[PDB]
Every structure is written in C-alpha cells, then in structure tokens.
Amino acid sequence: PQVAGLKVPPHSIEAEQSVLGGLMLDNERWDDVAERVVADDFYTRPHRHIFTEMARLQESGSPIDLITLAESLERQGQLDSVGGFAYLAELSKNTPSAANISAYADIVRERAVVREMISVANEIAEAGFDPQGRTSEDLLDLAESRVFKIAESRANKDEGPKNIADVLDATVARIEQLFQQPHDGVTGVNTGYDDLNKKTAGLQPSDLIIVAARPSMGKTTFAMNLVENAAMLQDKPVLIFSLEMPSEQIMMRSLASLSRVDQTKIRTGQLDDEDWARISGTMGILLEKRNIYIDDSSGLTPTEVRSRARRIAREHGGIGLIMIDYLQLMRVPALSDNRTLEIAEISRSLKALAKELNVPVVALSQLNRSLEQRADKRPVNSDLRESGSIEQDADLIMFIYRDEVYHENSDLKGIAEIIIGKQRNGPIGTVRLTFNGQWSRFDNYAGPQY
Amino acid sequence: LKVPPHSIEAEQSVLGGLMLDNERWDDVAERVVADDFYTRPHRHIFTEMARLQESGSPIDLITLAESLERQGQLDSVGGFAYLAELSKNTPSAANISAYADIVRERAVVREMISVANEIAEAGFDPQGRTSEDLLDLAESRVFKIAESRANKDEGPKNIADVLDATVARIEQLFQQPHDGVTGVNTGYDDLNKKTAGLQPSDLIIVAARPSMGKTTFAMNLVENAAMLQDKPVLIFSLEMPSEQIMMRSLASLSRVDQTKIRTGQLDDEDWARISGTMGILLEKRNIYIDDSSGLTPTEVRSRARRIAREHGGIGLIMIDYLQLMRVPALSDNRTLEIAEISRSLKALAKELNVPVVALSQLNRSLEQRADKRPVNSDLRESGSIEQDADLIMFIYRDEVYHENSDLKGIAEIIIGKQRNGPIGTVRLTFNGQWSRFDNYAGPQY
Amino acid sequence: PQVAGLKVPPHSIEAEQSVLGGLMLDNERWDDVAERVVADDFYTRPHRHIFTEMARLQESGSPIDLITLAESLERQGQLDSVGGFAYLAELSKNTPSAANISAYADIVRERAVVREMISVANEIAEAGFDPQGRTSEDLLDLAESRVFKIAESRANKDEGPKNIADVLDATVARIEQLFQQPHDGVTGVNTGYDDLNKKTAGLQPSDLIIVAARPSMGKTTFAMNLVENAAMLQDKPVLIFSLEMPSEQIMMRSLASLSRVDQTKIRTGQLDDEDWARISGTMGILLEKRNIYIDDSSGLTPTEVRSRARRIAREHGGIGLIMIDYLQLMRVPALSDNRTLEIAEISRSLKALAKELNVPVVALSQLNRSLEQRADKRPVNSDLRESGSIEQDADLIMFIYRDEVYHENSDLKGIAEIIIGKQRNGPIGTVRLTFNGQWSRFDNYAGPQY
Amino acid sequence: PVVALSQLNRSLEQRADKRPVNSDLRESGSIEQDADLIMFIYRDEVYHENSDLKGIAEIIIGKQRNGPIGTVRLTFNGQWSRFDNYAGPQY
Ligand SMILES: Nc1ncnc2c1ncn2[C@@H]1O[C@H](COP(=O)(O)OP(=O)(O)O)[C@@H](O)[C@H]1O
Ligand SMILES: Nc1ncnc2c1ncn2[C@@H]1O[C@H](COP(=O)(O)OP(=O)(O)O)[C@@H](O)[C@H]1O
Ligand SMILES: Nc1ncnc2c1ncn2[C@@H]1O[C@H](COP(=O)(O)OP(=O)(O)O)[C@@H](O)[C@H]1O
Ligand SMILES: [Mg+2]
Ligand SMILES: [Mg+2]
Ligand SMILES: [Mg+2]
C-alpha cells in the first residue's frame, strides 16, 4: 500500500536513470552537470559509482560513452558489483535521444538534500532523547556541525571567501615578478601604441573594454589592429568572434594591416617582390605560432560563447584576449522580445565570463545618430543609447572621431582622435592617431602636442 | 523511554524555596525566565511574583494570593490549597542555583527538539520551496540558538525581557565616552553627526552615476571600520577581482598613487608607509573577501553564517554593484528579482545585528534636467529598495559634468532618506589617484 | 487467504500508532490533528479514549506526553485497561522522529468516512428487507438523520449557522451594556485623537485596517502611537510584528514618544532631570501592566502568524489589538513566482484571522510611485497596485499626506493630514493632524474647520 | 511492418513556419526512441491562403533509421481522398 510507502525517503530514480545514459550519449554538457550534481546526491550505490567513474575519467580520459568505461572499471576490477557491464548495458540502452538535462540535474538535488536534512532531524531528536552523558554546549555544537556539513560537502573549491593574506601574497608576488623585469609601462597586455599604453596602463587582465563609433569610422579595423599586435607580441592565444562578415575578408584586411598593401593589390595579385616578401613574412611568422581561432557564425548567445571559449582554454593554456564585433546581434531567447534588459544581460554575462577566466575582452558597439544634430558631433557617453547598462559594467570605454568624414575642407583629413569616455583604474583624456587606411591600419602620431 | 524531558519536583522546589526567602530572587532570576518552565500555572505564578518583586518584598502565601485575586486568576492554578501545598512542603536549603540550571538545560533541549521537528515538517511539505530557500531556513533557525545566549530563538517577547536589553544598551555607552556615536565610526566627524554611525541593523544603500568612486567610498568605510573596530568585515566584489581591490585599499592607506605601485617603482618615503600599513593590517586579520562572478542572496547569507560561526560575529558588509545579483528562478522578470534581493538583505542584517552596505546605480533621465543633483525619484528599479532601506547616500561631484566649475576636488553626500533621523547634505573631497575621501574642514554649504 | 480479506472493513493501524507516537513525543501539532480527526475516527475504544485525553487536557492542561497523561488517566481508573503502561510505552519508543503526522492523520479520516458510510448502507438495506411493518414516512427520516450524523460527528459544536433570535439577544445585550455607562462616541477601541473617533467610531473589533503612504510620511509612527495609546487605555493585550526593524529601536521610539523627548538625547546622553523623571514614569507604568508583546522576526507567513497569536489567546485573555508593519515582506512562498496573487492570499488570510478572533488588525503598506507625475499628489484609491485586493477586503483605509516633504515653501508646515479613502460602516472624510517628529509622535489639531 | 498514426501538440504553432520536426513530438521521447521510421506531414492550404501551394502535400521525414532523411512532395484532392505523385519543378 501507500501508507507503508509513505515513510519512504524522497527519491526520483526515473530522471536519475535518464541522466547517466543521457551523458553517455554526449560528453559536451558534462561540465554543467558535474557542477550542479555530486555523488551522494544519487540515491543508491551503483548510480553513484557510475557517476564517480564518469567524473574522475574526464580529468584524464576523454572517451567515456560505453566501453572505455569498461576499460576503467577493469582497471578497478569492480566488474559484476554494480552488475558490471551487464546492468551498465541495461542502462546504456535507455534514453537513446536525451535532448536536455537541466531539470533532471536539479530535481536530484532537491530530493537528495531534503532526504539528508530529514535524516539529520531524526538524529537530532533521537539523540536529544538518548543524550548518553552529554551537556548542552556539546549537545549543540554537533548540531551546528551536522547542519553546516551538508552544503560544505557540495562546495567544490576555495572559491569561497578569501582570507586577506592569500590575495595579499598573490598581489605581492605580482609586484615582485614585475620588479624583476623592466617596467615596460604596462601591467598586462600591450597594444603597441606607446601613447595609449600610458593612460590605459595596458589592457588589464579582467575587464570588458568597449569601442564605439558610427559605421564608417572603422572601429572594426582598430579592433583587428589590437588583436593583431597582441597576438604577435604574446606567447599565448587570441580569439576573434566576427559575426557580420565571414573570415575570408577578415584575413584579407588582417594582411592589409600587417603587410601594408591594400586589398586590391592582394585579391588581384599585382604585388611586387618586396610585397610578395612581406606577405610571405607575415605568413611565416604567423605559421610558427598559430594563436588565432575564429568562429565566423551568424548569431550567438553567451551560453554558447562560454563553451566555445573554455574549450580553447582546456586545449592549451590561458588565453590572452578576445574580440566581439557588433555586439548588438548576440541574442538571448528568454528576452528575445525586449531589448534593454537583453543588452543588460549580455554585458552582465560577458563580464562574468571575463572574470571566470581572468582575461580581457573587447566588445564593440554602434551609436545613435543624434550626435549628428548637435553640430559639434564629438562622441560622449550619452550618445550610445542602450539604457546605459554598458556605461556601468564596463571597466573601460573609448570612442573614435575621424575628422574627414564630416568635414573635408579642414586640413586634418586623415587623422583620427581617440576619446576615452571612462576608465575604472585610471584617468580619462584623449590621444591622436593617424590613418592610412586603404590597407586598414592605424599607427602612432609623433606630432606636436594636443 | 522517550519523553520531552521535564523535571517537575525541581520546579516546585524552586517555587517553595523562593517563597520563604524573598531575597533569594536575583540568584534565581539570572538563571530562569517564565517560558523556561513547562506547565502554565507555574509560569503565571513566576511572572506575577516578578511583578511583586518590582516593589513588594513579602511574597510567600498571602500577599501573592491577594494580588492574584486582584487579577482574578485563583483556582485556575489548582487552588489556594494546591498553592499552600508548596509552602507546606519543600523547606529545603540553598541547593537552588543548580536546580534552576538543570531546568534551563531541559528547556534548551526541548527547544532543540521543537526546532528539529519544524525542520522535518518543512522538509516534507516545502510548499514549492526548493532546497536553496530551505537550508537558509534551517541554518538560520539553528544558528539563532547556537550563537545567541538568551536561547529563545522564536516567539514574541514580553516587554520586561525587551527592556532589559534596551537599558543594557543605554547603560554600556555612558561608561565609555559616547562621542555622538552608536555602532560604527566612519572616521568622518561630520557624517557621524548626521548619522550617529552605521546603526547595527540597517540596510544602507549607496547610489551614483558611475564615475564617482562610490566604490571608493564604501571601501573607505569598511577600511576605517576594520581598523577602529576589532571585528571582521566582508567585501563582495562582483564588479572586479580582488587583486585590484587590494592595491586600491592599500593605496588609500599608504597615500601613494596606484600608477606608481603597479609600475613597480617607488621611494623610501613610500616603503616606510607600505610596510607599516601592511603590518598594522596583518596583525588583525579582520577582512574577508570574495571575488565571485554571479551570486544569489542565499550564497551571501550562507558564507556570512559560516564566517560568524568561525569566531565572534561580523560587524560590517559591502556588496558591490548590486544589479549583478540574480536569483535564478525569477530571472525572466526583473522587479521581483530586485525586491527579493533587498528583502533577503534586510533579514540578513537584522538576523546578525549588523549594518549592510549595498551599492546601486541610477537612470539617465536625470541628465536632461540640466541641474543634475540626484533625488529620491531618480532611481528606477521599481523603487523596491526605496521602501526597504534605512539609509541612503546619493553622491554628486561637480568636476565631472563641468571642468571649470568652482567646486574642484569636492564631492557631496546628498542624503535622501533617514529612517531614524533627519536628512542633510555634506561636503567631502576627492583625490582620485590614491582613492580616499577626506573631511572638508571649511565653510558650510 | 485474501478473498476473506475483502469483507473486512477498511482500517489502518500503523498510522494509528505513528500519530500517537508523534503527539506523545511532541505537543506542538495538536492544532492540525484536532483540525482533521475526532475520537470515533479511530477504529477501537482504547486509542479513542487516548485521543480523548490528549485533547481534553490540552483544552486546559497543556502538557501531554507519557506520564503527565497517565497521572490523569489513572484518576479515571483506566491504567492497564486501554493497553496499559507497558504497551503504551511502545508508542513512544518507535517512530521517534515525529517526522510526518498530518499525512498519517489524513488517511485515517478517509478510511473512517469510507467505513461509516458502508456500515450505514448495510444497516439501511437489511431494514429495507426487514420492514417490521413500518411505513416509508417512519423509514426515510431515520436514513436522513443517519447519513447526516456522519458529518455531524466532525463538526465543531460552535461554528454552525445561528438563528436570528440569539444574534438579536447579543445585539440588545450590547446596547444595554453600553447604556449602563457613558458612550464617548466610541464603540470599541479608543486612540487619543478625538478628531478621528467621529468619522470612525473607534477601531471596530472585527476588521482589517490599512495605513498606506509613501516612504517617509510616517505611517509606522502612527501605528505605534495607536497601539501605544490602546495599551494604557485598556486592561488587555496587544501584539506587534516589527518585520521592519528590531526591538531595540522600537522601544526607544515608543518610550521617547510617551515621554516627549527626542531620541537623540537618549542614545547621546545629554539630558535633564525632568527628562529622567518622565522616563521612569512611563517605564513603571508599562511594567506594572504587562500588556504588550513584540516579535522582531525576519520573514513570516499567515500560517505562523495564526499560531503565534492563538498561543497568546489560549495562554491568557483575549487580545484586543494587533499591528503588522511593512506588509510587503510577508512571504508566502508557493506564489513567489507572482505577486498579485500573493497579496490577495495575505489579505484574505489576515481578514480570516481577525474574524476568527474578533479583533482589529492594523496593517501597513506602500504606494506605487505613479502619483508623482500629477502635481496634486493627494493619494487616492487608484494608486496602490498590490492586486487591489487590499482595496476590497479592508473595512478601512487611511492614507497619509504631509506637504513639508514635497514642497518646502509651505504654508502648511508641521501638519499631516489623513486622507481616508474607504469605509465599510461609517462615512469618509479628512482629518488634520500635526507632526513633530524629533520624538516621533502625532498630535491633535484644535484649529479651523476644513 | 506496423503503421501507427498519432497527433501533435499545437506547440509547433507559434514557430511562424509550422513545418514539423522530431523535437516537436512531445511524448517524453516514448516513440522518438522506440520507433524506426517517422513521416510528419504538412499541407499549406491550412495555415495560409496566399501560399502558392494550392493542392500540395509534402511528406516531411524527420528520421529514418536504416537510411537517409529527406523531404518529399505530393498532391492532394480531398474531394475523394487520394494522393498522387508530383510531376512539376524539383525540390
Ligand atoms: N579602399 C578603401 N578606400 C578608402 N577607405 C577604406 C578602403 N577600404 C577600407 N577603408 C576604410 O576602412 C574603414 C573600415 O570601416 P568599417 O569596416 O565600415 O567600420 P565598421 O566595421 O564599424 O562598419 C572604412 O571606414 C574605410 O574608410
Ligand atoms: N589612479 C587613478 N588616477 C586617476 N583617476 C582615478 C584613478 N583611479 C580611479 N580614478 C577615478 O576615480 C573614479 C572611481 O570610480 P569607481 O571607483 O569605479 O566607482 P564606480 O565603480 O561607481 O565607477 C573613476 O571615475 C576614475 O576616473
Ligand atoms: N530622530 C528623528 N529626528 C528628526 N526626524 C525624524 C527622526 N526620526 C524620524 N524622523 C522623521 O520622521 C519619519 C518617521 O517615519 P518613518 O518611521 O520613517 O515611517 P516609514 O516607516 O513609513 O518610513 C522619518 O521619515 C523622518 O523624516
Ligand atoms: Mg564591422
Ligand atoms: Mg565600482
Ligand atoms: Mg516603517
């Protein structure tokens, strides 16, 4: 009957059956499950054992679907204790589609934690009635312990609140490591532009830089210049998620910058021996390193972006930089109707990413026309209208004003000034850069002052 | 075999030995309170006799009976015969302290089992609550007994039991110098007077358009309250990691600009301040920091409980750029998200007897006003925090929105809400390269 | 075999042991169980009589566990007669969690109905075949009364529908008891504001008052003044649920208001002898009385509010006032997905409480900030957006406006007006009061008409 | 072989194209897993009038265990309930 079954401890075996075989079908969602779920949150011995195997093996063994699991279990030699491969095959039979997993990873936690807490309550009571030579303070410190042990068994790392001295020693090691080598003016990533390295103090390793201007001001060119220089200097990856334009134009413009010959003398082939030599030079010095990876997709969400980036992270080493062109595309199905909160959540998640990996971010944007009808037309932070979320999240913003698009009579055609709208860890101001942009590159401007 | 453990002749013994010796009253009262006992009549006896020991000394048999008649309560305690049974029996000696002690012990136990059973109830019939919103309940209810010393975790409170704590509060400060302060000192001799210190149950909110160093101000607060006070503090930087936080606070102390530190070059003049503040900070270990990515309020509560379980009790908190906080279940709608956040914050602070400091942000419908001082109706996040809070401090600083304006190197603290006091406005300075506001010793505003 | 297991009347015995095992192990639940179960709902006579004692004691003698029960059970001569002490120990030995009771008392009621219906069906049929020379008129009224006796066995004796004449006797007795004594215009509770009792006839005793405003008008002060006054104007308790802020501030405020001194002379300590005199007076008047009870809780539900209140009601006297502060914090978690239904639930439940005890209920609120864009700002029934159920349940609503926040050039300084906006018994109006908040109290205003 | 007809949730409706797929079949995968062949169906005379597919029926196949997937065209003359083959432009 049910009355004899009512004393049962809550357990949801059905989803617990589904989840294992669902991950046997796919090892791509495995991290989001490993975080949210732990062994003891499985009810019985065998499922728990199988998840133990499937969790330890991905530290070393990539292939865990059906049979390398048998190789593992052989190296443990615990055949026919969970039924071995017999009941394992009975399990691997199940959920041959396994579309999604999240709720089936959450209800486990619900039932597991509830069961555990209630066992604890039972213990507290029946201990209070059978005290066994004990007194209140000792009677109750155990209660503190058994209550706070639960979530402590689920926390994973020292992610918790850092004592002061640890972060202190970390920062002091940074100061010392920097004190060894020359100052360089930089405390992070270099951009090449020495005049910019001062104000910015170098692109810092934990931030969400933003760059912005109307379309034909060529912000995209500047972003590619940044990643370009940062790739040639470092011994470390970079990444580029260009959305609007596919990659076979990206690389043409990249060679236009690196190689200082226009697109037209490349797509055609009118290039002289010196020009052939410089194209071959950029080719050969990129070939040795091969830092860049590119995803020239159509439209994306931050959730996919974290996966695509962390895959590169685990492939080799910590990354050095990221770029994102024309931010406004990156969707979110939840708020596909509204836009304000959409941009808010985008910026939020990208900040979270950049902190999750301790690496910078570039992330461009568009502006609103209305600065046209101000008659000075110089950008300010009020101009880009996205509810001003980015004006809060961002550790850095800067703008571009190429003089020649609006005015032509003026003599400063071909010069472009950067405006730094806001910076967290420094001052604001401006700089002056120059533009020989039939091959899409900026360079320094060693003129008189501004 | 099993029973909610009560002793019942110890109780009668205490009542009897308390009747004949009216003076034997503080030795008891320091150990026992009405709800500590088991039955109803003995409680009402105890509290009426307390009412009599207000002034009336003689309380054994007859004056008690007469008062208890005046409240019209005789014979609901048995009767006058059952009463005189007590003075008849138990002429015992002064083995009275340990009686009250064991009775208090039994009461603590009974309370413990009651809590455990409530936990089991809410484990079986959660009423849509998940586990996250359930461990919160459990840990709170247990912690309230474990930390607390008055061991009456839940219930209403009759008044005398409240006035005792109130007047102990009003007592302890007069002995020390009061100095206008109650709670925490910010170190700013003008703000202390408009505030009397960050009172230890209140949700403070800071609010400003970004480039104002509100982050800097809050760091300055927790810093000064880390050194003056001798209890922990917490700093949650959802805005940025701790390697920047450390440089900034250390800079604020040593009065050396950041651009010199991270550059890695500096003078003996500066080393003599760095080493010092390092050591003075290190021989306390006040601080704890968390450089997380995205937090719920429940995680905040959890971490805080574990801290105070370690040792003593915290005294200040700082949360950073509150809009990042997201309770995931209601991520689809934003207003209720903010409301639940602020609710949880308030209950946290009230639970631990602390202040809280929570930064925020503002809507840009103020810039077109052409005056640009903030006020209450400027922040549009449903106004869910305007109703929850106790203290607010907007910030304005003229040398952003103008270059030539003749208030250079000055900010100001526009207060817009005060739960226990009045409002005002204050003048402070800003030297943004070593990141510390200072007092404005000058004319008024 | 099992076939002969079908003619048995349905019953449960393990649940019947487990219930009593929990109740004997814990007294906190008797409300719920007695709100689901009655003596005859059990199977046999012993467990019936046991439940009889375990209710009839908690009527007056609260404690019922194992031996405080047996000490009464003996005096009716029933030891070693309903199972006895040795067997009765079994019930307290096993199931020492008291983990679930309510479920283990639902099914008993189910089977009890299912059995007391069938025992009636058979007893109707056999008489329908053994008519005894009866006639239908003498044969169907018994069946009526039989079927209805089932539901009568459960119903509490004093919740049914009353006749006109008894109610009318109560009414005339009320008017009589009034005319034995002056009237003062009051029909219940007094406040201290004679300007208010005329439009209100006092706080009536079975209602849901609401006191709504913008943040800084001072509603909290007003409610505290009300309960503060009704303390000394009565010989009967009160309650407060200061969900907003804890006791050590509330009592400072209350004390101060009673003694006409500012808070800033207490917590500072720069005060006079006249001061301490007026302090000790109100102190020694509060403590010779023992009316008030306070609850510095954090977050609550009506389900717990009812329990905390009824504990007070059953301990001593019947309460005569309540206050609840900053209502919005009251969680009822099942609905927290939504808010409109949440407020509807709370209002519904508080109304039901107040009427279940025949007492008033102050309860505060907040107003949405829509009025600001109107330039009149005198609040009205339309600007509170909390499902508008509070606009329906309430037998009274009294907003608060106070010009010297919005304007500062005021011809209307130190004056707070009370915009009543709804009434269920009297008429509407508007009251004019004065404010001097450095000690947080409102006062009368002997002044011009309006 | 065994034919076994079935029905579809209206969950497909709001998609603005309303051609079925496998995931449109909300049946806890109870036959998306325990099947060998599927052939969803569509007929554009239903959802839209200005669709230039008057008298068209297409056999959408979200799955075939033993072979390749596809997408196929037929006609429809429901006035006596029969399908024919399509001899027109390709697909
Ligand atoms: N053949 C060319 N002649 C002149 N300018 C060029 C040529 N090719 C590229 N550019 C410059 O490169 C810039 C890149 O701009 P664009 O890619 O449109 O910016 P965004 O990516 O923001 O749209 C252009 O604004 C343009 O002035
Ligand atoms: N080293 C520095 N040199 C010059 N200005 C600085 C320096 N550090 C900070 N600032 C200024 O101080 C302000 C601090 O703002 P911040 O602390 O980020 O508060 P918020 O997070 O609200 O912007 C910035 O506007 C910045 O311009
Ligand atoms: N100690 C004080 N001195 C001067 N004014 C005060 C003091 N305490 C409170 N006030 C004023 O009186 C008001 C009290 O109302 P309050 O309790 O804040 O109502 P609410 O809970 O609705 O905010 C405050 O808003 C404040 O303006
Ligand atoms: Mg572009
Ligand atoms: Mg900040
Ligand atoms: Mg209030």
# chains A, B, ... in the order shown; residues from 1 in each chain; ligands from 1
$ residues_around --residues "residue 143 (chain C)" --least-positions-apart "2" --cutoff "12 Å" --atoms "only C-alpha atoms" --output "VMD selection string"
chain C and resid 117 120 to 125 127 to 128 136 to 141 145 to 150
$ residues_near_ligand --ligand "ligand 5" --cutoff "9 Å" --atoms "only C-alpha atoms and all ligand atoms" --output "list in words"
residues 392, 393, 395 and 424 of chain A; 210, 211, 212, 213, 214, 215, 216, 237, 239, 240, 320, 321 and 359 of chain B
$ interface_residues --of "chain A" --to "chain D" --cutoff "10 Å" --atoms "only C-alpha atoms" --output "count of residues only"
6
$ calpha_fit_rmsd --fixed "chain A" --moving "chain C"
1.0 Å
$ select_by_dssp --residues "region 159-207 of chain A" --states "strand (DSSP E or B)" --output "number ranges by chain"
A: 162-163, 189, 203
$ interface_residues --of "chain B" --to "chain C" --cutoff "7 Å" --atoms "only C-alpha atoms" --output "list in words"
residues 1, 2, 3, 4, 39, 51, 117, 120, 121, 127, 128, 129, 155, 156, 157, 158, 159, 160, 166, 170, 178, 180, 330, 343, 347 and 387 of chain B
$ write_last_selection --atoms "C-alpha atoms" --output "tab-separated table (two decimals), in the first residue's frame"
chain	number	residue	atom	x	y	z
B	1	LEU	CA	11.60	5.65	27.47
B	2	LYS	CA	11.30	8.78	25.34
B	3	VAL	CA	9.64	11.97	26.52
B	4	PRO	CA	10.09	15.73	26.11
B	39	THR	CA	3.27	23.99	32.79
B	51	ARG	CA	5.61	41.90	39.25
B	117	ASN	CA	10.56	18.80	14.13
B	120	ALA	CA	11.24	17.87	9.24
B	121	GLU	CA	7.86	19.49	8.58
B	127	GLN	CA	5.13	24.37	-0.33
B	128	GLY	CA	7.03	24.95	-3.56
B	129	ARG	CA	10.27	25.88	-1.81
B	155	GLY	CA	8.34	33.64	19.67
B	156	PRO	CA	7.06	37.00	20.72
B	157	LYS	CA	8.66	38.65	23.74
B	158	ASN	CA	7.01	40.13	26.76
B	159	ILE	CA	8.21	43.60	27.49
B	160	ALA	CA	10.47	43.26	30.54
B	166	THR	CA	17.31	48.10	25.77
B	170	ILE	CA	21.62	52.61	27.14
B	178	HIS	CA	29.71	58.38	23.81
B	180	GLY	CA	27.91	61.15	19.46
B	330	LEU	CA	12.87	34.64	-11.45
B	343	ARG	CA	14.18	41.55	1.36
B	347	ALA	CA	16.55	39.96	7.00
B	387	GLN	CA	10.88	51.20	0.61
$ residues_near_ligand --ligand "ligand 2" --cutoff "10 Å" --atoms "only C-alpha atoms and all ligand atoms" --output "tab-separated table (two decimals) with C-alpha atoms, in the first residue's frame"
chain	number	residue	atom	x	y	z
A	199	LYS	CA	46.60	56.32	-19.99
A	201	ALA	CA	48.18	51.44	-18.41
A	391	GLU	CA	28.23	52.54	-19.13
A	392	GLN	CA	28.11	50.83	-15.70
A	393	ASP	CA	29.53	47.35	-16.30
A	394	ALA	CA	32.44	48.46	-18.41
A	395	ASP	CA	35.85	48.97	-16.89
A	396	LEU	CA	36.76	50.96	-19.99
A	421	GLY	CA	34.96	58.05	-22.17
A	422	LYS	CA	35.57	56.35	-18.84
A	423	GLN	CA	38.17	54.23	-17.10
A	424	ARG	CA	37.93	52.47	-13.77
A	425	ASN	CA	41.59	52.21	-12.74
A	426	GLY	CA	42.88	55.46	-14.20
A	427	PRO	CA	42.26	58.91	-15.64
A	428	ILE	CA	40.46	59.97	-18.82
A	429	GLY	CA	41.57	62.19	-21.67
B	206	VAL	CA	24.91	54.00	-1.92
B	207	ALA	CA	23.84	55.30	-5.30
B	208	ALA	CA	25.54	57.27	-8.02
B	209	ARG	CA	26.21	57.63	-11.70
B	210	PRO	CA	29.42	55.59	-12.18
B	211	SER	CA	32.45	57.85	-12.26
B	212	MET	CA	32.05	59.00	-8.67
B	213	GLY	CA	34.10	56.49	-6.67
B	214	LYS	CA	31.12	55.27	-4.69
B	215	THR	CA	33.10	52.04	-4.72
B	216	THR	CA	35.96	54.05	-3.25
B	217	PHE	CA	33.75	55.50	-0.54
B	218	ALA	CA	32.43	52.12	0.54
B	219	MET	CA	35.93	50.67	0.61
B	239	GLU	CA	32.40	44.19	-10.00
B	240	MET	CA	36.05	43.20	-10.25
B	245	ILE	CA	40.74	45.78	-4.54
B	248	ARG	CA	43.30	50.22	-4.09
B	251	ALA	CA	46.98	52.74	-1.75
B	256	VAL	CA	50.72	56.59	-2.75
B	257	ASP	CA	49.18	56.66	-6.18
B	258	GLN	CA	48.32	53.37	-7.88
B	259	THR	CA	50.19	54.22	-11.07
B	260	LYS	CA	53.40	54.17	-9.03
B	261	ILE	CA	52.67	50.84	-7.30
B	320	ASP	CA	29.23	45.82	-4.99
B	321	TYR	CA	27.15	46.88	-7.99
B	359	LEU	CA	25.86	49.94	-3.91
B	360	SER	CA	23.42	50.67	-6.72
B	361	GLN	CA	23.03	52.64	-9.94
B	400	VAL	CA	32.79	65.66	-13.80
B	430	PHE	CA	38.35	63.56	-3.66
B	431	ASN	CA	41.93	62.90	-4.79
B	432	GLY	CA	41.29	60.11	-7.20
B	433	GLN	CA	44.86	58.92	-7.70
B	434	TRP	CA	45.15	57.42	-4.21
B	435	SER	CA	41.40	56.99	-3.78
B	436	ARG	CA	40.24	58.35	-0.45
$ select_by_dssp --residues "region 58-232 of chain B" --states "alpha helix (DSSP H)" --output "MDAnalysis selection string"
chainID B and resid 62:70 80:88 97:124 132:146 160:175 191:195 214:227
$ atom_distance --atom1 "CA of residue 285 (chain A)" --atom2 "CA of residue 232 (chain A)"
8.5 Å
$ closest_residue --among "C:217, C:70, C:224, C:362" --to "ligand 3" --atoms "only C-alpha atoms and all ligand atoms"
C:217
$ atom_distance --atom1 "CA of residue 101 (chain B)" --atom2 "CA of residue 10 (chain B)"
10.3 Å
$ residues_around --residues "region 1-5 of chain D" --least-positions-apart "6" --cutoff "10 Å" --atoms "only C-alpha atoms" --output "PyMOL selection string"
chain D and resi 37-39
